[PDB]
$ cat coords08.pdb   # PDB, C-alpha atoms
ATOM      1  CA  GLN A 241     -54.122  14.781  10.884
ATOM      2  CA  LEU A 242     -50.615  14.829   9.503
ATOM      3  CA  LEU A 243     -51.717  12.247   6.915
ATOM      4  CA  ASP A 244     -54.630  13.961   5.201
ATOM      5  CA  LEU A 245     -53.209  17.452   5.622
ATOM      6  CA  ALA A 246     -49.987  16.248   4.023
ATOM      7  CA  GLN A 247     -49.502  17.660   0.553
ATOM      8  CA  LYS A 248     -49.354  15.435  -2.500
ATOM      9  CA  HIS A 249     -48.782  17.893  -5.324
ATOM     10  CA  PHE A 250     -46.754  16.496  -8.204
ATOM     11  CA  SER A 251     -47.242  12.746  -8.497
ATOM     12  CA  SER A 252     -44.413  10.242  -8.283
ATOM     13  CA  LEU A 253     -42.816   9.963 -11.705
ATOM     14  CA  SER A 254     -41.210   6.528 -11.915
ATOM     15  CA  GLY A 255     -41.780   3.026 -13.266
ATOM     16  CA  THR A 256     -43.618   0.349 -11.305
ATOM     17  CA  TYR A 257     -42.091  -2.731 -12.942
ATOM     18  CA  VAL A 258     -38.807  -4.613 -13.320
ATOM     19  CA  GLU A 259     -37.317  -1.728 -15.323
ATOM     20  CA  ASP A 260     -37.185   0.605 -12.303
ATOM     21  CA  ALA A 261     -36.012  -2.260 -10.074
ATOM     22  CA  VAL A 262     -32.343  -1.644 -10.945
ATOM     23  CA  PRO A 263     -30.583  -0.008  -7.983
ATOM     24  CA  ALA A 264     -29.967   3.732  -7.987
ATOM     25  CA  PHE A 265     -27.133   2.834  -5.620
ATOM     26  CA  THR A 266     -24.494   0.244  -6.556
ATOM     27  CA  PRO A 267     -23.535  -2.689  -4.390
ATOM     28  CA  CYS A 268     -20.115  -1.717  -3.125
ATOM     29  CA  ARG A 269     -17.203  -4.056  -2.609
ATOM     30  CA  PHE A 270     -15.003  -3.172   0.326
ATOM     31  CA  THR A 271     -11.391  -2.215  -0.371
ATOM     32  CA  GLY A 272      -8.924  -2.808   2.428
ATOM     33  CA  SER A 273      -6.555   0.031   1.550
ATOM     34  CA  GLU A 274      -4.622   2.946   3.097
ATOM     35  CA  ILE A 275      -4.524   6.704   2.387
ATOM     36  CA  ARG A 276      -1.959   8.950   4.131
ATOM     37  CA  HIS A 277      -1.259  12.701   4.463
ATOM     38  CA  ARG A 278       1.841  14.082   6.238
ATOM     39  CA  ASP A 279       1.231  17.778   7.040
ATOM     40  CA  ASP A 280       3.791  17.603   9.822
ATOM     41  CA  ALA A 281       2.617  21.018  11.031
ATOM     42  CA  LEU A 282      -0.566  19.405  12.310
ATOM     43  CA  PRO A 283      -0.499  19.595  16.102
ATOM     44  CA  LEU A 284      -0.831  15.835  16.328
ATOM     45  CA  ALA A 285      -1.730  12.648  14.486
ATOM     46  CA  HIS A 286      -5.388  11.738  14.093
ATOM     47  CA  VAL A 287      -5.958   8.197  12.955
ATOM     48  CA  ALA A 288      -8.976   6.149  11.948
ATOM     49  CA  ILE A 289      -9.427   2.764  10.316
ATOM     50  CA  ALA A 290     -12.362   0.713   9.070
ATOM     51  CA  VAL A 291     -13.392  -2.857   8.445
ATOM     52  CA  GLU A 292     -16.173  -3.897   6.088
ATOM     53  CA  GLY A 293     -19.533  -4.173   7.816
ATOM     54  CA  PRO A 294     -23.156  -5.337   7.366
ATOM     55  CA  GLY A 295     -25.506  -3.469   5.048
ATOM     56  CA  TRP A 296     -27.720  -1.093   7.011
ATOM     57  CA  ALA A 297     -30.830  -3.137   6.267
ATOM     58  CA  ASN A 298     -28.988  -6.238   7.462
ATOM     59  CA  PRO A 299     -29.781  -7.312  11.074
ATOM     60  CA  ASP A 300     -26.222  -8.698  11.265
ATOM     61  CA  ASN A 301     -25.188  -5.168  12.230
ATOM     62  CA  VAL A 302     -27.185  -5.380  15.482
ATOM     63  CA  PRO A 303     -25.031  -7.774  17.556
ATOM     64  CA  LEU A 304     -21.953  -5.789  16.539
ATOM     65  CA  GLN A 305     -23.157  -2.795  18.519
ATOM     66  CA  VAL A 306     -22.859  -4.885  21.664
ATOM     67  CA  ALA A 307     -19.396  -5.731  20.391
ATOM     68  CA  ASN A 308     -18.804  -2.030  19.971
ATOM     69  CA  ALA A 309     -20.112  -1.696  23.488
ATOM     70  CA  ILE A 310     -17.164  -3.785  24.624
ATOM     71  CA  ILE A 311     -14.852  -1.241  22.998
ATOM     72  CA  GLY A 312     -16.930   1.494  24.606
ATOM     73  CA  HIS A 313     -15.444   4.973  24.408
ATOM     74  CA  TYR A 314     -12.921   7.106  26.269
ATOM     75  CA  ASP A 315     -11.453  10.584  26.493
ATOM     76  CA  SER A 316      -9.152  12.617  28.734
ATOM     77  CA  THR A 317     -12.010  14.877  29.848
ATOM     78  CA  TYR A 318     -13.635  12.070  31.850
ATOM     79  CA  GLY A 319     -12.899  11.285  35.468
ATOM     80  CA  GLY A 320     -10.142   8.945  34.341
ATOM     81  CA  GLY A 321      -8.453   6.063  36.141
ATOM     82  CA  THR A 322      -6.870   2.736  35.239
ATOM     83  CA  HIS A 323      -9.726   1.007  37.050
ATOM     84  CA  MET A 324     -12.198   1.737  34.285
ATOM     85  CA  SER A 325     -14.201  -0.775  32.253
ATOM     86  CA  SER A 326     -12.058  -0.547  29.139
ATOM     87  CA  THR A 327      -8.532  -1.620  28.265
ATOM     88  CA  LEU A 328      -7.642   1.048  25.722
ATOM     89  CA  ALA A 329      -9.123   3.598  28.075
ATOM     90  CA  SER A 330      -6.914   2.638  31.006
ATOM     91  CA  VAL A 331      -3.932   2.536  28.649
ATOM     92  CA  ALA A 332      -4.978   6.032  27.677
ATOM     93  CA  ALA A 333      -4.975   6.749  31.404
ATOM     94  CA  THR A 334      -1.508   5.234  31.575
ATOM     95  CA  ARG A 335       0.795   5.967  28.632
ATOM     96  CA  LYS A 336      -1.838   8.503  27.540
ATOM     97  CA  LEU A 337      -1.911   7.036  24.037
ATOM     98  CA  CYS A 338      -5.554   7.868  23.384
ATOM     99  CA  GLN A 339      -6.517  11.392  24.197
ATOM    100  CA  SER A 340      -9.738   9.882  22.912
ATOM    101  CA  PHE A 341     -10.899   6.852  20.922
ATOM    102  CA  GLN A 342     -14.221   5.612  19.603
ATOM    103  CA  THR A 343     -15.701   2.846  17.458
ATOM    104  CA  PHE A 344     -17.665   4.363  14.599
ATOM    105  CA  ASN A 345     -20.333   2.194  12.985
ATOM    106  CA  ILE A 346     -21.582   3.659   9.716
ATOM    107  CA  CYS A 347     -23.544   0.971   7.889
ATOM    108  CA  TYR A 348     -24.981   1.826   4.495
ATOM    109  CA  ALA A 349     -27.917  -0.040   2.985
ATOM    110  CA  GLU A 350     -25.540  -1.694   0.521
ATOM    111  CA  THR A 351     -22.429  -2.453   2.543
ATOM    112  CA  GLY A 352     -21.542  -1.125   5.988
ATOM    113  CA  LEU A 353     -18.445   0.184   7.748
ATOM    114  CA  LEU A 354     -17.322  -0.782  11.237
ATOM    115  CA  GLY A 355     -14.200   0.919  12.499
ATOM    116  CA  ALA A 356     -12.119   2.911  14.949
ATOM    117  CA  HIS A 357     -11.497   6.637  15.205
ATOM    118  CA  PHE A 358      -8.994   8.175  17.596
ATOM    119  CA  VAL A 359      -6.556  10.817  18.784
ATOM    120  CA  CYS A 360      -2.924   9.891  19.506
TER     121      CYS A 360
ATOM    122  CA  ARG B   3      16.919   5.921  15.281
ATOM    123  CA  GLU B   4      13.148   5.296  15.355
ATOM    124  CA  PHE B   5      10.401   6.823  13.214
ATOM    125  CA  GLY B   6      10.030   9.775  15.579
ATOM    126  CA  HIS B   7      13.212  11.549  14.562
ATOM    127  CA  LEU B   8      13.989  10.807  10.929
ATOM    128  CA  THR B   9      12.964  13.980   9.079
ATOM    129  CA  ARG B  10      10.155  16.540   9.157
ATOM    130  CA  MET B  11       8.552  15.844   5.800
ATOM    131  CA  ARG B  12       5.327  17.799   5.236
ATOM    132  CA  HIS B  13       2.403  17.014   2.936
ATOM    133  CA  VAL B  14       2.249  13.673   1.102
ATOM    134  CA  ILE B  15      -0.880  11.703   0.215
ATOM    135  CA  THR B  16      -0.195   7.969   0.038
ATOM    136  CA  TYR B  17      -2.562   5.498  -1.646
ATOM    137  CA  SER B  18      -1.494   1.946  -0.826
ATOM    138  CA  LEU B  19      -3.826  -0.982  -1.493
ATOM    139  CA  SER B  20      -3.940  -4.505  -0.034
ATOM    140  CA  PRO B  21      -1.981  -7.288  -1.774
ATOM    141  CA  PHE B  22      -4.889  -9.589  -1.147
ATOM    142  CA  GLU B  23      -7.018  -7.549  -3.518
ATOM    143  CA  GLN B  24      -4.447  -6.885  -6.244
ATOM    144  CA  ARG B  25      -2.622  -9.412  -8.442
ATOM    145  CA  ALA B  26       0.932 -10.468  -7.613
ATOM    146  CA  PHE B  27       2.044  -9.984 -11.228
ATOM    147  CA  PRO B  28       0.291  -6.913 -12.668
ATOM    148  CA  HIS B  29       1.379  -6.534 -16.297
ATOM    149  CA  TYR B  30       4.517  -8.199 -14.981
ATOM    150  CA  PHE B  31       5.090  -9.728 -18.392
ATOM    151  CA  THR B  32       4.614  -7.365 -21.307
ATOM    152  CA  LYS B  33       5.291  -4.287 -19.188
ATOM    153  CA  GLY B  34       8.167  -5.763 -17.211
ATOM    154  CA  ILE B  35      10.147  -6.981 -20.219
ATOM    155  CA  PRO B  36      10.836  -3.692 -22.053
ATOM    156  CA  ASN B  37      12.135  -2.155 -18.840
ATOM    157  CA  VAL B  38      14.390  -5.157 -18.409
ATOM    158  CA  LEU B  39      16.018  -4.720 -21.777
ATOM    159  CA  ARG B  40      15.961  -0.956 -21.367
ATOM    160  CA  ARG B  41      18.068  -1.018 -18.248
ATOM    161  CA  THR B  42      20.134  -4.010 -19.311
ATOM    162  CA  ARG B  43      21.471  -1.947 -22.165
ATOM    163  CA  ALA B  44      21.787   0.880 -19.657
ATOM    164  CA  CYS B  45      24.347  -1.220 -17.817
ATOM    165  CA  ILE B  46      26.139  -2.805 -20.759
ATOM    166  CA  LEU B  47      26.583   0.543 -22.530
ATOM    167  CA  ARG B  48      29.197   1.431 -19.926
ATOM    168  CA  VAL B  49      30.205  -1.936 -18.519
ATOM    169  CA  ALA B  50      30.898  -3.693 -21.848
ATOM    170  CA  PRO B  51      34.177  -2.089 -22.907
ATOM    171  CA  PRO B  52      35.858  -3.280 -19.722
ATOM    172  CA  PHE B  53      34.535  -6.738 -20.668
ATOM    173  CA  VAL B  54      36.161  -6.474 -24.068
ATOM    174  CA  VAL B  55      39.337  -5.229 -22.394
ATOM    175  CA  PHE B  56      39.471  -8.230 -20.129
ATOM    176  CA  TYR B  57      38.585 -10.329 -23.146
ATOM    177  CA  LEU B  58      41.499  -9.264 -25.330
ATOM    178  CA  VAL B  59      43.830  -9.232 -22.335
ATOM    179  CA  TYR B  60      42.709 -12.770 -21.526
ATOM    180  CA  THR B  61      42.936 -14.176 -25.020
ATOM    181  CA  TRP B  62      46.093 -12.381 -26.051
ATOM    182  CA  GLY B  63      47.695 -13.091 -22.700
ATOM    183  CA  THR B  64      46.876 -16.768 -22.973
ATOM    184  CA  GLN B  65      48.093 -17.099 -26.539
ATOM    185  CA  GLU B  66      51.058 -15.006 -25.445
ATOM    186  CA  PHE B  67      52.011 -17.525 -22.827
ATOM    187  CA  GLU B  68      51.402 -20.517 -25.064
ATOM    188  CA  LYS B  69      53.301 -19.180 -28.086
ATOM    189  CA  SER B  70      56.067 -18.134 -25.719
ATOM    190  CA  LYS B  71      56.178 -21.624 -24.236
ATOM    191  CA  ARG B  72      55.407 -24.410 -26.744
ATOM    192  CA  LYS B  73      56.789 -22.945 -29.974
ATOM    193  CA  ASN B  74      60.294 -22.493 -28.566
ATOM    194  CA  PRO B  75      62.128 -25.659 -29.732
ATOM    195  CA  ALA B  76      61.175 -24.923 -33.343
ATOM    196  CA  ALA B  77      62.417 -21.371 -32.892
ATOM    197  CA  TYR B  78      65.726 -22.577 -31.472
ATOM    198  CA  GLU B  79      67.130 -24.743 -34.262
ATOM    199  CA  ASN B  80      69.308 -26.694 -31.827
ATOM    200  CA  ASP B  81      70.569 -28.305 -35.016
ATOM    201  CA  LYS B  82      72.599 -25.168 -35.743
TER     202      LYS B  82
END

$ encode --input "coords08.pdb" --output "structure tokens"
Amino acid sequence: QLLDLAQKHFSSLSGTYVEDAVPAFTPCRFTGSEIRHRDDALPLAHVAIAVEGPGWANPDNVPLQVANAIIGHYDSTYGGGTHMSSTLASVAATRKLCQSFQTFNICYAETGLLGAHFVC
Amino acid sequence: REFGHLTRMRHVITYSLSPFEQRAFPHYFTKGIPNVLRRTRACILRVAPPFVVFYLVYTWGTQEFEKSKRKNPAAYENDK
């Protein structure tokens, strides 16, 4: 019902051969590099970092989520405790280094981006 | 002294990049050389005249001592 009723006004306007096969999006080499800003007035430091990851189409990304699941997540708003099922979390419950931390996983179809994102 | 109490610098936007990516000797030749000469002359332009001073003091002092020492018997005429 959503198929037939779906509009198909202007037709697709693109090639169907090898000529249109060239990517509209470049393969992208990773660049392990650092960018820093010092606005000291900022109430506190907010740091993130990223390693090169699997392309989004790539299944290789899938196991890494379980790996990310080892890192888990934590924040001060939770019930807290050093007992909890994460090291960085209990350290955050200890020296209070991480007000919060989290492992972002933004994989693009070309090349992905694993990484960490946190408040200290 | 730590990093926590050095100075309250504000905005700065750094852009470092990994050594592993970049070459160890980027334009190290043709770009490095002119700077070398450029600053070499920057040192010698001031430093050199002391070198010449020590040079003339050295040479003239040495020849001073030698002429003062070896030439003497001829200058004496003990046969006087």

$ interface_residues --input "coords08.pdb" --of "chain B" --to "chain A" --cutoff "9 Å" --atoms "all atoms listed in the file" --output "list in words"
residues 10, 11, 12, 13, 14, 15, 16, 17, 18, 19, 20, 22 and 23 of chain B

$ atom_distance --input "coords08.pdb" --atom1 "CA of residue 286 (chain A)" --atom2 "CA of residue 356 (chain A)"
11.1 Å

$ residues_around --input "coords08.pdb" --residues "residue 358 (chain A)" --least-positions-apart "3" --cutoff "10 Å" --atoms "all atoms listed in the file" --output "PyMOL selection string"
chain A and resi 285-289+313-315+337-344

$ atom_distance --input "coords08.pdb" --atom1 "CA of residue 263 (chain A)" --atom2 "CA of residue 350 (chain A)"
10.0 Å

$ resolve_selection --input "coords08.pdb" --expression "the PyMOL selection byres ((chain A and resi 320) around 10)" --output "PyMOL selection string"
chain A and resi 314-319+321-324+329-330+332-334

$ axis_aligned_box --input "coords08.pdb" --around "region 345-352 of chain A" --padding-each-side "4 Å" --output "lines of an AutoDock Vina configuration file"
center_x = -24.1
center_y = 0.6
center_z = 6.8
size_x = 15.6
size_y = 14.1
size_z = 20.5

$ atom_distance --input "coords08.pdb" --atom1 "CA of residue 58 (chain B)" --atom2 "CA of residue 40 (chain B)"
27.1 Å

$ resolve_selection --input "coords08.pdb" --expression "the PyMOL selection byres ((chain A and resi 265) around 12)" --output "list in words"
residues 261, 262, 263, 264, 266, 267, 268, 348, 349, 350 and 351 of chain A

$ residues_around --input "coords08.pdb" --residues "region 300-307 of chain A" --least-positions-apart "4" --cutoff "10 Å" --atoms "all atoms listed in the file" --output "VMD selection string"
chain A and resid 293 to 296 311 to 312 343 to 347 352 to 354

$ build_atoms --input "coords08.pdb" --residues "region 337-360 of chain A" --atoms "N, CA and C atoms" --output "mmCIF file, in the coordinates of the input"
data_model
loop_
_atom_site.group_PDB
_atom_site.id
_atom_site.type_symbol
_atom_site.label_atom_id
_atom_site.label_comp_id
_atom_site.auth_asym_id
_atom_site.auth_seq_id
_atom_site.Cartn_x
_atom_site.Cartn_y
_atom_site.Cartn_z
ATOM 1 N N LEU A 337 -1.923 7.227 25.479
ATOM 2 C CA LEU A 337 -1.911 7.036 24.037
ATOM 3 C C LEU A 337 -3.142 7.659 23.390
ATOM 4 N N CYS A 338 -4.316 7.290 23.885
ATOM 5 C CA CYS A 338 -5.554 7.868 23.384
ATOM 6 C C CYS A 338 -5.988 9.064 24.195
ATOM 7 N N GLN A 339 -5.880 10.241 23.602
ATOM 8 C CA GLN A 339 -6.517 11.392 24.197
ATOM 9 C C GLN A 339 -7.992 11.065 24.163
ATOM 10 N N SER A 340 -8.379 10.360 23.104
ATOM 11 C CA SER A 340 -9.738 9.882 22.912
ATOM 12 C C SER A 340 -9.787 8.817 21.822
ATOM 13 N N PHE A 341 -10.694 7.855 21.962
ATOM 14 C CA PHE A 341 -10.899 6.852 20.922
ATOM 15 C C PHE A 341 -12.352 6.425 20.916
ATOM 16 N N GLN A 342 -12.815 5.945 19.769
ATOM 17 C CA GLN A 342 -14.221 5.612 19.603
ATOM 18 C C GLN A 342 -14.481 4.747 18.375
ATOM 19 N N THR A 343 -15.398 3.795 18.520
ATOM 20 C CA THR A 343 -15.701 2.846 17.458
ATOM 21 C C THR A 343 -16.873 3.307 16.609
ATOM 22 N N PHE A 344 -16.588 3.929 15.471
ATOM 23 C CA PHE A 344 -17.665 4.363 14.599
ATOM 24 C C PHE A 344 -18.288 3.153 13.911
ATOM 25 N N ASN A 345 -19.598 3.225 13.703
ATOM 26 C CA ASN A 345 -20.333 2.194 12.985
ATOM 27 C C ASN A 345 -21.263 2.846 11.973
ATOM 28 N N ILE A 346 -20.765 3.063 10.762
ATOM 29 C CA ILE A 346 -21.582 3.659 9.716
ATOM 30 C C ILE A 346 -21.937 2.608 8.671
ATOM 31 N N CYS A 347 -23.080 1.955 8.855
ATOM 32 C CA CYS A 347 -23.544 0.971 7.889
ATOM 33 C C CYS A 347 -24.465 1.596 6.854
ATOM 34 N N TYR A 348 -24.142 1.374 5.589
ATOM 35 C CA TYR A 348 -24.981 1.826 4.495
ATOM 36 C C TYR A 348 -25.897 0.687 4.096
ATOM 37 N N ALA A 349 -26.958 0.990 3.360
ATOM 38 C CA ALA A 349 -27.917 -0.040 2.985
ATOM 39 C C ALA A 349 -27.251 -1.128 2.147
ATOM 40 N N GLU A 350 -26.247 -0.743 1.365
ATOM 41 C CA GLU A 350 -25.540 -1.694 0.521
ATOM 42 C C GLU A 350 -24.581 -2.481 1.388
ATOM 43 N N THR A 351 -23.446 -1.856 1.687
ATOM 44 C CA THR A 351 -22.429 -2.453 2.543
ATOM 45 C C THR A 351 -21.984 -1.474 3.627
ATOM 46 N N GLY A 352 -21.862 -1.970 4.852
ATOM 47 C CA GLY A 352 -21.542 -1.125 5.988
ATOM 48 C C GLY A 352 -20.072 -0.889 6.267
ATOM 49 N N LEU A 353 -19.805 -0.135 7.331
ATOM 50 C CA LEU A 353 -18.445 0.184 7.748
ATOM 51 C C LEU A 353 -18.291 0.256 9.266
ATOM 52 N N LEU A 354 -17.815 -0.833 9.863
ATOM 53 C CA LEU A 354 -17.322 -0.782 11.237
ATOM 54 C C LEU A 354 -15.947 -0.152 11.259
ATOM 55 N N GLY A 355 -15.565 0.447 12.381
ATOM 56 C CA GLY A 355 -14.200 0.919 12.499
ATOM 57 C C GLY A 355 -13.861 1.699 13.749
ATOM 58 N N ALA A 356 -12.608 2.132 13.824
ATOM 59 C CA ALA A 356 -12.119 2.911 14.949
ATOM 60 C C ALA A 356 -11.694 4.308 14.517
ATOM 61 N N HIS A 357 -11.702 5.227 15.472
ATOM 62 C CA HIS A 357 -11.497 6.637 15.205
ATOM 63 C C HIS A 357 -10.900 7.252 16.459
ATOM 64 N N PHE A 358 -9.688 7.793 16.370
ATOM 65 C CA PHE A 358 -8.994 8.175 17.596
ATOM 66 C C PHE A 358 -7.896 9.224 17.468
ATOM 67 N N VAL A 359 -7.563 9.780 18.628
ATOM 68 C CA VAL A 359 -6.556 10.817 18.784
ATOM 69 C C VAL A 359 -5.321 10.319 19.540
ATOM 70 N N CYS A 360 -4.166 10.335 18.879
ATOM 71 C CA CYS A 360 -2.924 9.891 19.506
ATOM 72 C C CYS A 360 -1.743 10.768 19.113
#
